[PDB]
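Following: one structure in structure tokens, then a few remarks.
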Amino acid sequence: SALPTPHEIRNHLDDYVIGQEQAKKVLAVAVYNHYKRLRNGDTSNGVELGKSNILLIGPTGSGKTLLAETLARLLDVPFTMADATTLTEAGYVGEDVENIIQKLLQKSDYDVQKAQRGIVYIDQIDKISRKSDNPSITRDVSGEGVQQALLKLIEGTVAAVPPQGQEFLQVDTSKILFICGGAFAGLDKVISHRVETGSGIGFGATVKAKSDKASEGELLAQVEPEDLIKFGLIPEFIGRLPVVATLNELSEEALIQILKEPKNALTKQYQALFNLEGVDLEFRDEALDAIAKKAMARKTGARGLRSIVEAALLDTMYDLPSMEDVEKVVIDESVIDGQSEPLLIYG
Amino acid sequence: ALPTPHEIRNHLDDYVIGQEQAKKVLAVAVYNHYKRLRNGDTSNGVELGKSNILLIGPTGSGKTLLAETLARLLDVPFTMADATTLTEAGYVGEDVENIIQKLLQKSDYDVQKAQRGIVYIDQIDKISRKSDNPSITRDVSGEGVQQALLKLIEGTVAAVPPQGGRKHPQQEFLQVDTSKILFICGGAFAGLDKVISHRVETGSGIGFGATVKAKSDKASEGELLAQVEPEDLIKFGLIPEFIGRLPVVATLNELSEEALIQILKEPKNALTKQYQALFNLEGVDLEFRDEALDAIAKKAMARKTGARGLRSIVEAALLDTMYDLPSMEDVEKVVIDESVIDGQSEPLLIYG
Ligand SMILES: Nc1ncnc2c1ncn2[C@@H]1O[C@H](COP(=O)(O)OP(=O)(O)OP(O)(O)=S)[C@@H](O)[C@H]1O
Ligand SMILES: Nc1ncnc2c1ncn2[C@@H]1O[C@H](COP(=O)(O)OP(=O)(O)OP(O)(O)=S)[C@@H](O)[C@H]1O
């Protein structure tokens, strides 16, 4: 009963994700090492084995949420996908932190011994951060307060969970892994202050003003915990998440592979959408390069790609069901620009 | 015979390093708790007092670790609760009495054995009153929790449903005294250094006569917390009536460059021993030369996160090696060099 390896688990995520080689290594080692700590019954010399959570950081639509979703498929141990926006500071009307553990049991069928060895993922983590409110004039119930509650959850404790909705079940969390990730906004500006040192207003001071500092791919790599403190996160919270994963923006070359290599790509989606209708679909390489340039200008990422395709094919889809004897559709580069219309084959 | 402070401290030293004054406070309390417990109103003196503990220190200093290691050697029951999940006597979050309920689970519902137990609370700063908040409001999380704990630290009796009850039929509760129960509250306070500076330095004068700050780095956190007093905590948000219940105070100094080196080798549960055991099952050995450990100390202190921010320095380095180590075969030992920590070199692998 040999366990999988990082090279093996990386091959699975590579089929669904592209151009995130640095981040996939982190999830592979954590998942790999998670089975090792579970394999040991706390009997070896290395008693009280340490834990190492993960903090995923990337631009918008870079594929953070997709990694955690595809991971749960091949994962044997349970998995959940919660959100931090709905949390509150232990007593307000929104929600409690313990609800995350409740969702985990639904996947494990209320198996405590099986749920303790599970994995947890959190999305939209940047929402819980002091918005330039370090003095803390008032208490943030949806922000700072949430981080304070999660502090003990990442270390390990026991939390009451109503089974099935006057007793409660205790579920340890010292061995549970957490993968928190949320695209941070404005983080590039704070990191620039530490490394720019280029105000240059006086005579002696030097003003670079080359506009090259705004390189997200190269700027996030230089991140550190101190940079997050100025953002709003508490140091106590970051210490619970030692590992950090930085994701690069999507380049023009990477976007082309997203439409062909992944099985769940949009090209294969529409290909099957028309397959049921008895019509073939095609996408030439000349059209893919033009779509990549149009998406990067939108500053939205992979998620802002459907707007380029659906808008281009909206007119064709409207009149396609009424049309008969059409077996194939070809989309040229001019169609995206709007100069020409898609070519339809009859037969 | 009962344990001794030197013996109980020698045990904690195996799991904790670089905290001399903090270990002394816990030893005297535990050593004195058995005395008050052994002779309850069975001596010439009567009305034996009590002295709780208030642990204060930076992040990753070892506050939560002392409570865990203490439970291993402690005979009487012990628990590890939290203050973030508490509400003010009626709201939806939680009641203060849940702390006593958790104590009975470990004591097997032994009321006589539960009153003689010890209690620990973590993250006490999270219930600190916001000094200047809107007057028309109610701080159920921060002010209410302190108000509720007042009678608890002093001594009272609280209703506790035993086992939760089978149904409405029972509708009874058990009384559990708390006058003899010890409480060890602790939590990293944020912004406390700024409060002591205003009271101690009393400068920040732009004028000529006023003395301006000599350097940017001043008022060392370790040396600044030592000058703490109860009046400082009042400006933080705590109520004097609550702090009066916790007379003893312990100031934990931040980590030192030499202390971090000892934490990886002297303790039994050190990270080096953890990773060594991680590869021991894999049939692979490991090495960590002192030339690399001292270099890691500079990287950790730069983060200003504490000992808990050390895994980021190690796992970020060994991420590449662990990724391809299982696929590789005929490898028996691994060597770690100083350059690898810097990132300019690749760790050497010993074939076999
Ligand atoms: N590498 C990728 N390969 C293929 N599709 C991708 C990739 N990255 C993103 N996508 C697409 O983008 C969609 C959403 O990606 P997400 O994982 O949500 O990105 P994100 O960083 O999580 O954005 P946020 O943080 O949720 S606003 C996916 O369902 C895919 O359709
Ligand atoms: N003196 C020490 N010796 C060895 N390891 C230590 C020491 N102090 C801290 N550590 C390490 O730091 C980890 C956590 O320390 P903690 O006691 O949780 O710090 P902390 O101040 O309690 O964190 P808070 O209270 O949530 S801000 C331990 O599991 C150890 O790995």
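Chain identifiers are assigned as A, B, and so on, following the order in which chains appear in the structure tokens; residues are numbered from 1 within each chain, and ligands are numbered from 1 in order of appearance.
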
Requested in this report: Residues up to 8 Å from ligand 2, counting only C-alpha atoms and all ligand atoms: could you list those as a ChimeraX atom specification?
Outcome: /A:50,151-152,155,236 /B:15-19,57-66,122-123,186-188,255,259-260,263-264,267,269-271,306-308

Requested in this report: Show me which bits of chain B are within 6 Å of chain A, counting only C-alpha atoms, as a PyMOL selection string.
Outcome: chain B and resi 84-85+92-93+133+164+274+277+303+305+308-309+311-312+323

Query raised in the report: Using only C-alpha atoms and all ligand atoms, what are the residues with an atom within 9 Å of ligand 1, set out as an MDAnalysis selection string?
Result: chainID A and resid 14:20 57:69 123:124 181:184 247 250 254:255 257:259 261:262 264:266 301:306

Save the residues we just selected, N, CA and C atoms, as a short mmCIF file (atom, residue, chain, number, x, y, z; two decimals), in the first residue's frame?
data_model
loop_
_atom_site.label_atom_id
_atom_site.label_comp_id
_atom_site.auth_asym_id
_atom_site.auth_seq_id
_atom_site.Cartn_x
_atom_site.Cartn_y
_atom_site.Cartn_z
N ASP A 14 -1.54 19.15 -12.91
CA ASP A 14 -1.04 19.74 -14.14
C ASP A 14 -2.04 19.57 -15.27
N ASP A 15 -2.84 18.51 -15.23
CA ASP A 15 -3.84 18.28 -16.26
C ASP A 15 -4.93 19.34 -16.23
N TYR A 16 -5.21 19.91 -15.06
CA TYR A 16 -6.25 20.91 -14.89
C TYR A 16 -5.72 22.33 -14.69
N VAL A 17 -4.43 22.50 -14.40
CA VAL A 17 -3.84 23.81 -14.17
C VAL A 17 -2.55 23.91 -14.96
N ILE A 18 -2.23 25.13 -15.39
CA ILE A 18 -1.05 25.39 -16.21
C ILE A 18 -0.32 26.63 -15.71
N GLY A 19 1.01 26.58 -15.77
CA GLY A 19 1.87 27.70 -15.41
C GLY A 19 1.90 28.10 -13.95
N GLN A 20 1.79 27.14 -13.04
CA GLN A 20 1.83 27.38 -11.60
C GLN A 20 2.76 26.37 -10.94
N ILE A 57 -1.37 32.88 -2.46
CA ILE A 57 -1.53 34.26 -2.87
C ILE A 57 -1.34 34.33 -4.37
N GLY A 58 -2.25 35.02 -5.05
CA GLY A 58 -2.15 35.17 -6.48
C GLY A 58 -3.06 36.25 -7.01
N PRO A 59 -2.91 36.61 -8.30
CA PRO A 59 -3.80 37.62 -8.87
C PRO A 59 -5.20 37.09 -9.06
N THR A 60 -6.09 37.92 -9.60
CA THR A 60 -7.46 37.50 -9.82
C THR A 60 -7.54 36.52 -10.98
N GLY A 61 -8.36 35.49 -10.81
CA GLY A 61 -8.56 34.50 -11.85
C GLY A 61 -7.34 33.72 -12.24
N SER A 62 -6.32 33.67 -11.39
CA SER A 62 -5.10 32.94 -11.72
C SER A 62 -5.23 31.43 -11.53
N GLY A 63 -6.26 30.96 -10.84
CA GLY A 63 -6.48 29.55 -10.62
C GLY A 63 -6.35 29.05 -9.19
N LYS A 64 -6.46 29.94 -8.20
CA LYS A 64 -6.34 29.50 -6.81
C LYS A 64 -7.48 28.57 -6.43
N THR A 65 -8.72 29.00 -6.66
CA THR A 65 -9.88 28.18 -6.31
C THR A 65 -9.93 26.89 -7.11
N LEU A 66 -9.35 26.89 -8.31
CA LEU A 66 -9.39 25.69 -9.14
C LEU A 66 -8.46 24.61 -8.60
N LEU A 67 -7.33 25.00 -8.00
CA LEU A 67 -6.40 24.01 -7.47
C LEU A 67 -7.03 23.23 -6.33
N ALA A 68 -7.69 23.93 -5.41
CA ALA A 68 -8.31 23.26 -4.28
C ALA A 68 -9.48 22.38 -4.70
N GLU A 69 -10.18 22.76 -5.77
CA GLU A 69 -11.33 21.97 -6.21
C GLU A 69 -10.88 20.66 -6.86
N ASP A 123 -11.44 30.49 1.24
CA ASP A 123 -11.37 31.42 0.13
C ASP A 123 -11.73 32.81 0.61
N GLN A 124 -11.27 33.81 -0.15
CA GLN A 124 -11.48 35.22 0.16
C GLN A 124 -10.99 35.54 1.57
N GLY A 181 -6.47 30.97 1.02
CA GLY A 181 -6.02 31.73 -0.12
C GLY A 181 -7.03 32.73 -0.62
N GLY A 182 -6.59 33.97 -0.80
CA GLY A 182 -7.42 35.03 -1.30
C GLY A 182 -6.59 36.07 -2.02
N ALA A 183 -6.98 36.43 -3.24
CA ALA A 183 -6.24 37.43 -3.99
C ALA A 183 -6.21 38.74 -3.22
N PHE A 184 -5.01 39.19 -2.86
CA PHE A 184 -4.86 40.43 -2.12
C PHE A 184 -4.83 41.60 -3.09
N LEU A 247 1.75 33.25 -6.78
CA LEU A 247 1.35 32.88 -8.13
C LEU A 247 1.57 34.06 -9.08
N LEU A 250 -1.18 35.54 -15.60
CA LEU A 250 -1.30 34.69 -16.78
C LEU A 250 -0.74 35.41 -17.99
N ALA A 254 0.58 31.26 -21.81
CA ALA A 254 -0.13 30.37 -20.90
C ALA A 254 -1.62 30.29 -21.22
N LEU A 255 -2.21 31.40 -21.67
CA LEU A 255 -3.63 31.41 -21.98
C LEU A 255 -3.97 30.49 -23.15
N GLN A 257 -2.54 27.63 -23.88
CA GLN A 257 -2.55 26.26 -23.40
C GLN A 257 -3.81 25.96 -22.59
N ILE A 258 -4.38 26.97 -21.94
CA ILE A 258 -5.58 26.77 -21.13
C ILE A 258 -6.76 26.35 -21.99
N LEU A 259 -6.80 26.79 -23.24
CA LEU A 259 -7.90 26.46 -24.12
C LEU A 259 -7.76 25.10 -24.81
N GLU A 261 -5.02 22.22 -23.62
CA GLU A 261 -4.58 21.10 -22.79
C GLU A 261 -5.59 20.67 -21.73
N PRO A 262 -6.16 21.56 -20.91
CA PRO A 262 -7.10 21.09 -19.88
C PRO A 262 -8.34 20.45 -20.49
N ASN A 264 -11.28 20.38 -19.08
CA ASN A 264 -12.42 21.25 -18.82
C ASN A 264 -12.27 22.62 -19.47
N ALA A 265 -11.46 22.73 -20.52
CA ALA A 265 -11.25 24.00 -21.19
C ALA A 265 -12.53 24.46 -21.88
N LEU A 266 -12.61 25.78 -22.11
CA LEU A 266 -13.80 26.35 -22.74
C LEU A 266 -13.97 25.86 -24.17
N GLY A 301 -7.86 38.20 -16.10
CA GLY A 301 -7.32 36.86 -16.06
C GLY A 301 -8.12 35.88 -16.89
N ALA A 302 -7.98 34.60 -16.52
CA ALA A 302 -8.66 33.53 -17.24
C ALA A 302 -10.18 33.65 -17.16
N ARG A 303 -10.70 34.19 -16.05
CA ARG A 303 -12.14 34.31 -15.90
C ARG A 303 -12.74 35.33 -16.85
N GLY A 304 -11.94 36.27 -17.36
CA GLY A 304 -12.42 37.27 -18.28
C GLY A 304 -12.28 36.86 -19.73
N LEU A 305 -12.20 35.55 -19.97
CA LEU A 305 -12.04 35.01 -21.31
C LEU A 305 -13.37 34.67 -21.96
N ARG A 306 -14.34 34.21 -21.18
CA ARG A 306 -15.64 33.84 -21.74
C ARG A 306 -16.32 35.03 -22.41
#

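In this model, the gap between atom CA of residue B:115 and atom CA of residue B:68 comes to 19.9 Å.
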
**Report entry** Contacts of residue B:198 at 12 Å (only C-alpha atoms; same-chain gap of 6+ positions) as an NGL selection string
**Finding:** :B and (191-192 or 204-205 or 219 or 224 or 232 or 235)

Considering only C-alpha atoms, return as a PDB file with C-alpha atoms, in the first residue's frame whatever protein or nucleic-acid residues lie within 8 Å of residue A:296, sequence-local ones (same chain, fewer than 4 positions apart) excluded.
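That gives us around-v3.pdb:
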ATOM      1  CA  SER A 251       0.882  35.365 -19.803  1.00  0.00           C
ATOM      2  CA  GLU A 252      -0.214  35.290 -23.432  1.00  0.00           C
ATOM      3  CA  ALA A 292      -5.162  36.158 -25.478  1.00  0.00           C
ATOM      4  CA  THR A 300      -9.264  40.061 -15.314  1.00  0.00           C
ATOM      5  CA  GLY A 301      -7.325  36.860 -16.059  1.00  0.00           C
TER       6      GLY A 301
END

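With only C-alpha atoms as the atoms that count, the minimum distance from residue A:161 to the choices A:325, A:101, A:231, A:318 is reached by A:101.
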
Query - Residue contacts of residue B:9 (9 Å, only C-alpha atoms) excluding same-chain residues fewer than 4 positions away, as a PyMOL selection string - result: chain B and resi 4-5+13-14+23-24+26-27

Report task. List every residue of stretch 102-171 of chain A that DSSP, applied to the backbone, labels as strand (DSSP E), and write the result as a PyMOL selection string. Result -> chain A and resi 119-123+158-161+169-171

Query - Within 10 Å of residue A:74 using only C-alpha atoms, minus same-chain residues under 2 positions, as a list in words - result: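 Near neighbours after the sequence-gap exclusion: residues 9, 12, 13, 69, 70, 71, 72, 76 and 77 of chain A.
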
Requested in this report: Enter the distance from atom CA of residue B:332 to atom CA of residue B:262, in Å, rounded to one decimal.
Outcome: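 Result for atom CA of residue B:332 versus atom CA of residue B:262: 26.6 Å, one decimal.
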
Report summary line: re atom CA of residue A:81 and atom CA of residue B:316: distance 25.5 Å

Query raised in the report: Near stretch 95-107 of chain B, within 7 Å and counting only C-alpha atoms, which residues show up once chain neighbours fewer than 6 positions away are dropped, as a list in words?
Result: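 Everything that qualifies: residues 77, 78, 79, 81, 86, 87, 88, 89, 113, 114, 158 and 160 of chain B.
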
Output C-alpha atoms for every residue in that selection, as a JSON list (two decimals), in the first residue's frame.
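Written out: out24.json:
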[["chain", "number", "residue", "atom", "x", "y", "z"],
["B", 77, "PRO", "CA", -7.01, 17.93, 36.05],
["B", 78, "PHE", "CA", -6.07, 20.63, 33.57],
["B", 79, "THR", "CA", -7.79, 22.23, 30.59],
["B", 81, "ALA", "CA", -9.89, 26.92, 26.97],
["B", 86, "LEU", "CA", -17.27, 33.62, 24.93],
["B", 87, "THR", "CA", -20.33, 35.89, 25.15],
["B", 88, "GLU", "CA", -22.01, 37.97, 27.86],
["B", 89, "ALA", "CA", -24.45, 35.67, 29.68],
["B", 113, "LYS", "CA", -11.54, 16.27, 42.07],
["B", 114, "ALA", "CA", -12.67, 19.10, 39.76],
["B", 158, "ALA", "CA", -22.16, 27.59, 38.79],
["B", 160, "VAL", "CA", -23.43, 22.74, 34.94]]

Query raised in the report: Between A:142, A:86, A:248, A:80, which has the minimum distance to residue A:103 (counting only C-alpha atoms)?
Result: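 Comparing A:142, A:86, A:248, A:80 against residue A:103, the winner is A:80.
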